[PDB]
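Peer 1: Dumping the structure here so I can ask a few things about it.
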Amino acid sequence: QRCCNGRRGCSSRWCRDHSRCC
């Protein structure tokens, strides 16, 4: 996982098709 240990998950244009948080 990557952008999924905070509150939203959509931190940039990469946390969409990899981190299930967007």
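Following the order of the structure tokens, chains are lettered A, B, ..., residues in each are numbered from 1, and ligands are numbered from 1.
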As a CSV table (one decimal) with N, CA and C atoms, in the first residue's frame, please: the residues near residue 1 in chain A (cut-off 7 Å, only C-alpha atoms, same-chain neighbours under 2 positions excluded).

Peer 2:
```
chain,number,residue,atom,x,y,z
A,3,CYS,N,-0.5,5.5,-0.5
A,3,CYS,CA,-1.3,6.6,0.1
A,3,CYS,C,-2.6,6.1,0.7
A,4,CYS,N,-2.4,5.3,1.8
A,4,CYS,CA,-3.6,4.7,2.5
A,4,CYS,C,-3.4,4.6,4.0
A,19,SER,N,-3.3,2.5,-4.8
A,19,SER,CA,-3.8,2.5,-3.4
A,19,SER,C,-5.3,2.5,-3.4
```

Peer 1: Hey, what's within 10 Å of residue 2 in chain A if we count only C-alpha atoms and toss same-chain stuff fewer than 6 positions away? As a list in words, please?

Peer 2: residues 9, 11, 14, 15, 18, 19, 20 and 21 of chain A
